[PDB]
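Peer 1: how does the following fold in three dimensions:
(8 chains, ligands or ions: 3)
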Amino acid sequence: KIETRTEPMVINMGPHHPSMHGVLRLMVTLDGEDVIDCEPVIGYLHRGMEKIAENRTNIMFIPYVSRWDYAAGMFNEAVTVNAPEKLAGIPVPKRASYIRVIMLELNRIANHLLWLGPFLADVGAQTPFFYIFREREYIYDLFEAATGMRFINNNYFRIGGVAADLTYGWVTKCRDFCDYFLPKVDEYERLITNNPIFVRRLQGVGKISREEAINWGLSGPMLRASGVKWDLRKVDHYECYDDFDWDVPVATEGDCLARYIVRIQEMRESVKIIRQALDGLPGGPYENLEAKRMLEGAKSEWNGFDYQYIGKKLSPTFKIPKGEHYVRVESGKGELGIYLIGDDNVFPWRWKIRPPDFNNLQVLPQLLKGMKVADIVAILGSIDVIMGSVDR
Amino acid sequence: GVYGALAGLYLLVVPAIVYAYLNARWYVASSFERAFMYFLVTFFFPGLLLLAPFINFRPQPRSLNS
Amino acid sequence: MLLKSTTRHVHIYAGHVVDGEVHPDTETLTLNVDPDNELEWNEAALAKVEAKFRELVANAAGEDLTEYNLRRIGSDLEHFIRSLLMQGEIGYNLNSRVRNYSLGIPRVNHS
Amino acid sequence: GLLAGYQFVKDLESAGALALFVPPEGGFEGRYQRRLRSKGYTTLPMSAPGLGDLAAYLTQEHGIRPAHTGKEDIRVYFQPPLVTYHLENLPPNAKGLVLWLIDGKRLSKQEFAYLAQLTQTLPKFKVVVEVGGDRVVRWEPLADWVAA
Amino acid sequence: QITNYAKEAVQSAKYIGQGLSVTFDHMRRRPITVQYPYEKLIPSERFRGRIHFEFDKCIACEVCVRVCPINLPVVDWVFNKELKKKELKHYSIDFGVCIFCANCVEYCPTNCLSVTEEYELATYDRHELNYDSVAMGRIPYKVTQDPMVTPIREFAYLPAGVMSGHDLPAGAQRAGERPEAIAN
Amino acid sequence: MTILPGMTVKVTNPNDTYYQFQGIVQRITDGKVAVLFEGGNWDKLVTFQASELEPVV
Amino acid sequence: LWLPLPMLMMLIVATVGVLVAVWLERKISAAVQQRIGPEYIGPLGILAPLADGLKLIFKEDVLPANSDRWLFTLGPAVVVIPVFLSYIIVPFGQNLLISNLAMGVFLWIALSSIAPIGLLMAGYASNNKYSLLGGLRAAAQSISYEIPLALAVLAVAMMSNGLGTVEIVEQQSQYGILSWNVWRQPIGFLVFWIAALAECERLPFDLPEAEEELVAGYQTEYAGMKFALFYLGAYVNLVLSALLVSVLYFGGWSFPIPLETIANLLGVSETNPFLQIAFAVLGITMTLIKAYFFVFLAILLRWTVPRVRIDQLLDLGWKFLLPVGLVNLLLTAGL
Amino acid sequence: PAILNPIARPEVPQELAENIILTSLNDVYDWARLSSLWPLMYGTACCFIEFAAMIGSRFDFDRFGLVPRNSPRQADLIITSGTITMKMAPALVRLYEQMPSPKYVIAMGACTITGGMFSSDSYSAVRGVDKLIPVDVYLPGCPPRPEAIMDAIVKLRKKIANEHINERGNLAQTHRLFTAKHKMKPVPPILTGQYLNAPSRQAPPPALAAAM
Ligand code: SF4
Ligand code: SF4
Ligand code: SF4
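Peer 2: Residues are numbered from 1 along each chain as shown, chains lettered A, B, ... in the order given. Ligands and ions are numbered 1, 2, ... in the order given. Below, you will see the structure:
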């Protein structure tokens, strides 16, 4: 039976784990009310993604990739198609580059909204959990129109660009959505900054210094929430993200309150990049791009290498050239990189996914040092974890 | 406790006319009418429970004129 | 600790069972084939898997007592019960509420 | 209404090929394959889109090709004919079997009529093809449903 | 003291007074919800429901197998040297193994394979999902041609301005396909 | 007019998600016709009710 | 066999008051989330409290592996028969009374103290680490919110000059609505309404494991009929607590004259037979209709305040709700 | 032989005689289980978001009577929404055995039917949840639409009504226990509950910090 002893009690968080960020198992040991140690047991969603890619071509592996960070979706397809297109020197058209910025900034909104709902229920008020997913369902139908699926399994990113152009009533439907969602971003911010009970669960709870964040290895809104200002869309001049004006959200506090305000400010800056890309589109709307295809179809300023969704539709037997590689994409959760080295055949020789959450979950034992029992899911909900990215 | 005088006026004949009202105006009702609509459920609830498997709120078939 | 190897048809535990409650031991291994009645057994083939269960326990009695090694025994039993279906010894249960045919569909031999 | 008797079993022995119109939220169709199963009739609930040609599936043996998934040759699993393999396992002291096809509304009318004319040429065998929807669960023969 | 508990109680018992009012104003709004079996929501023009098949179009070349992520579609074909052209005899895509990525409908020259809109495939048996060539060649189930479903539209298909599909009497998508053929 | 399996029709009714999309029809049945729309990347055929489909030459 | 008609007719009202609250829980919480609630069963969910309770009768109520059999079965029974017995107190109706006990607002606060024992033999007897921890957590929470709950009853005991619940509603019937104790005790209503909500509702409770302080609390290893006492007995405690809000502070069976217009939450005709049956039945169960307003307010308050932790729950009953309950008892007196 | 993987002939007559009264009680027995069955809040991989989108406002979870429970005992239905590896394969059977016997597992997504996209070459994925637990309704899709899960609930609801009240005996597991004694060396457990307080994190060891 259960006895009452005086030694520190170890509780198992269990692989059941009724939460929306995967399947962890924390063997966290308690000291009455404070924790003293915690080991995370990962690998419950290790499907062997790296061994699969050594027997997949690139068009056979593009459906596989949007399952690591399945909150994001096409952020996984961004790193995937950028690994042979930056190695073979394949030019991406300018219009397909701006569709990639449009799709990735909408994924970061959906990445942060799937983070936000479970995080607000873990820190207190459970009523925005049903009103946040309604706002993610608008982003689902924007991908369901352009691609053939809601949030993942959307084979849109290609090696020579993107799979197809947008639908007809699409560019006017962010102007219905991202002109309606942007008033609600400040509504989500005033939930925690106002009502000063939530700040007593997030100030100093899971604080990490700047010097320990670079050493432990962090990226995205967990590194930048310690006062680092490192963003790979600004640092790496990545696919016409440098054609816009947008500020990097930094909060030099380190705590979980700094991680909340950065991720809310990433939602706000993403709509800024979206509106600069919908108006900065080269051919504009597709129904107006196709309009100039019929009036000046012989040889125009349109129908060029740009103003189209792909450079050249490559064969399924596209051989990756020989050479090592490491492509980086600033996801909504951090740096999602892959270490591609390929031989001259269609299968890569090694496909090491460097996930943004695998390197942020190793700090979770150190953040759970002196924190309380009710502030364990408040820490784990603020790392923005998706297991499946951690375990692959 | 009456036998069949005022018991049937609360258990039988008035829940049938609320179910005529609940089927017609439940989703089209306004913010003030729905608050009275929730009151008719909780007040006539011992009568609403007996004639529950004898009324269905399933919508009618469409015509498909296109 | 209760090291166990629980597939659909094979539940190998590291311990002995006293009336439902499983107690973790070090010397013994308990096995009940088909917790759900998907296959209609008989007296002949239930002893045929005992010619396989005590064979694999005696064969792998030089290795470690881990969940990986109990899973290696529980897999080869589950590959042996499937061979009893392909030999036509046992058959599928029809009184079960599920008819999902986990060990392959019924099929005739050589068209 | 609500208190249903055993008129569904008698209509199946009369017509042989019924066509239920169940509520689309489910749960009310299966109360009539309990009255059917109480009268000795066993039930094989299959899926109507999953069947191929009903001649080559029900009364003839079919070569089902499993998922080789790139790591196997093209295997051909010759399954027994469905209605005449479940009849031989069915003992003669009990009555026949019924084909409770769900999602019948994606079957063509040529496959509706083939299931209608088969139930009398094959003894102790009936079908109940769940086709379409209605607010109240109701049945009709397949002979006039193809005549609609 | 006693002059504090009449002032330390007001600071949040009125904040829940301004919180009970906003949640009661959440009940004022119409329930934006898709009742499924009586209002099935219309899929998009690119939605990958399930794969269709044309047996009179598949010239036996196994491009669908080589572009599939798991090489799933079984193409059973003989060479048929009397006619010197390979003619298939069986075709099957075992759904349940099928992720609906639809690489086969994209890399096909003869336009045989094609995605439908029906997502309503759910069997009691795993092997009842191994669709035949004549089971995949069956006609899809359209949401609009069903006299029990009131089909509500999807976002990015409504007219410009409305973000709901319930109180939509008419309209189309928020743009025109060919509006500028006699203008420009 | 009647529809043969392989002609290019286009939809005419306004109370439909596919307003004016055109493509090759496929597998005409007793009351229904599926029209392969040839839309962009993944080709999609959608059932119709054998009407509101005006072909072009 | 149920020979007293005042005992049978009350028990029909005592169970249909719970089935309203399970219906009102799943429909008000759906209206604040802009979803339907249970459709397709009954007309609009009327059979959904019946369907959730009847499935727990038909399930194999199996015990855990190594458990104390007699303390596991009597676990939920210590929680819920103290809140099934104190329905003999609640006085709905002018001519309807079951028992004229000399107390009963003190007998209810005495009977509600057996409920922390049932949370101790539910945590211990289930015999896992996370439910014993949830057993000591749930027991020490209802312990904390009883002395504020007993001191709010002490406030309405000075004004009523007794603990008789027939006499308590008799002091609020001389002016209809101006003589209600909520107008005389504006603070002790809040001491009652927070402390009673911290022992029956879903908002200040760790039994939903959204914070993961345990596995699922003390009611983790309970299933079937034993969980039906934990599920359909926490709404018995919700209605019983809301019945006494509508007796102590709000006047039970107290309401003004119904000779009003069509906007009196009624029909259109002044002399209607539908209003002669909505006046006679309302003359039988009136404070149930008033308790349906605080059941509704308990569901509405769940989606407003944050899901507060256990360290600030117990620092509210002792550090806040107990001194504001002590000074209210002095302000109810002369001082 | 004659037929591979044969169907055993049911020799019992299944004398399922019943009057009007007992089947009228069987209808209430089946309706009470199909119409308010409580799914476990379970999810491993991507299909939990499509399952959690059905919890939300656009698609109503609690409309068929489905209330999500974060406990195996209170829930009966368990929608396996996610790819299960070699790990979570003993954890899902443990979630399955801790349920009252009208369980009705439904598989959701391609990776609980045949292990869909990891069915080709993956060293730790069980190919289909039906290699561990019996499944009532299968649901293809990757991921399925939230409308497509509510069809699988409707297909499940039609299966509860087929269940008979006198066929309640096969819902309990049969116990064909066997016993063998082994000679495997017992190993101390690898994952003990200390991570930071382990005696290797405080300082780097000698014969390695000299070259640092
Ligand atoms: S991809 Fe098209 S052409 Fe190639 S085998 Fe398949 S159906 Fe035939
Ligand atoms: S949908 Fe995917 S798995 Fe299925 S046939 Fe097409 S490419 Fe292959
Ligand atoms: S098939 Fe895809 S969506 Fe479904 S469980 Fe597996 S990874 Fe998730």
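Peer 1: which stretches of chain F form strands?
Peer 2: F:8-11, F:22-26, F:33-36, F:45-48, F:53-55 (DSSP state E).
Peer 1: pipe the ones you listed into CSV and attach mean neighbour count and distance to ligand 1 per row.
Peer 2: (Each C-beta comes from the backbone N, C-alpha and C, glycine too.) Formatted as CSV, those follow (neighbours: other Cβ atoms under 10 Å in any protein chain shown; distance: least, Cβ to the nearest ligand atom, whole Å):
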stretch, mean neighbour count, distance to ligand 1
strand F:8-11, 18, 20
strand F:22-26, 19, 13
strand F:33-36, 23, 13
strand F:45-48, 24, 14
strand F:53-55, 15, 25
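Peer 1: nearest to residue A:165, out of those?
Peer 2: Comparison of these against residue A:165 by Cβ to Cβ identifies strand F:22-26 as nearest, at 17.6 Å.
Peer 1: in its sheet, what does the closest one sit against?
Peer 2: strand F:8-11 (antiparallel), strand F:33-36 (antiparallel) (DSSP bridges).
Peer 1: now those strands as CSV including distance to residue G:93?
Peer 2: Below are these laid out as CSV (distance: least, Cβ to Cβ, whole Å):
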stretch, distance to residue G:93
strand F:8-11, 66
strand F:33-36, 67
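Peer 1: so which strand or helix has residue C:53?
Peer 2: Using DSSP states H and E, residue C:53 sits within helix C:50-59.
Peer 1: so which residues make contact with the strand or helix carrying residue C:16?
Peer 2: Assessed by DSSP H and E, residue C:16 sits inside strand C:15-18. Contact with strand C:15-18 is made by C:2, C:22, C:23, C:24, C:25, C:28, C:29, C:30, H:177, H:179, as judged by Cβ atoms under 8 Å, 6 or more residues apart in numbering or on different chains.
Peer 1: and the helices in chain B?
Peer 2: Along chain B, counting by DSSP state H, helices occupy B:8-11, B:13-24, B:31-43, B:45-50.
Peer 1: got the buried residues for stretch A:54-73?
Peer 2: Judged by neighbour count using 16 or more other Cβ atoms under 10 Å in any protein chain shown, the buried positions of stretch A:54-73 are A:56-73.
Peer 1: near chain F, which residues of chain B are found?
Peer 2: Chain B has residues B:64, B:66 near chain F, with proximity defined as Cβ under 8 Å from any Cβ of the partner chain.
Peer 1: report the central residue of chain B.
Peer 2: Within chain B, the residue whose C-alpha comes closest to the C-alpha centroid is residue B:19; the distance, by Cα atoms, centre = their mean, is 2.1 Å.
Peer 1: roughly how far apart are that residue and residue A:3?
Peer 2: Remark: distance between residue B:19 and residue A:3 (Cβ to Cβ, to the nearest Å) = 58 Å.
Peer 1: near chain H, anything from the longest helix belonging to chain E?
Peer 2: Across chain E, the longest stretch assigned as helix under DSSP H is helix E:17-24. No: Helix E:17-24 lies out of reach of chain H by Cβ under 8 Å from any Cβ, never closer than 14.5 Å.
Peer 1: swap in stretch B:41-56?
Peer 2: No: counting by Cβ under 8 Å from any Cβ, chain H is not contacted by stretch B:41-56; separation bottoms out at 9.1 Å.
Peer 1: tally of neighbours for the residue of chain C found nearest ligand 3?
Peer 2: Nearest residue of chain C to ligand 3, counting by Cβ to the nearest ligand atom: residue C:100, 18.2 Å away. Neighbour count for residue C:100, taken as other Cβ atoms under 10 Å in any protein chain shown: 24.
Peer 1: helix, strand or coil: sort out it for me.
Peer 2: coil (DSSP: H, G, I helix; E, B strand; the rest coil).
Peer 1: how close does it sit to residue C:89?
Peer 2: 21 Å.
Peer 1: next one: residue G:194
Peer 2: According to Cβ to Cβ, residue G:194 stands 69 Å off from residue C:89.
Peer 1: and those two? Which one has more around it.
Peer 2: Using other Cβ under 10 Å as the criterion, residue G:194 and residue C:89 rank with residue G:194 on top: 22 against 17.
Peer 1: list phi and psi for the more buried one.
Peer 2: The phi and psi torsions at residue G:194 (degrees, to the nearest 10) take the values phi -80, psi -40.
Peer 1: so who does it touch?
Peer 2: Residue G:194 sits next to G:145, G:148, G:316, G:321 when contact means Cβ under 8 Å, 6+ apart.
Peer 1: by neighbour count, which of those residues wins?
Peer 2: Highest neighbour count within those, by other Cβ under 10 Å: residue G:148, with 26 neighbours.
Peer 1: list the contacts of the residue lying closest to that residue once chain neighbours are set aside.
Peer 2: Nearest non-adjacent residue to residue G:148, counting by Cβ to Cβ, 6 or more residues apart in numbering or on different chains: residue G:321, 3.7 Å away. Listed by Cβ under 8 Å, 6+ apart, the contact partners of residue G:321 are G:145, G:148, G:191, G:194, G:195.
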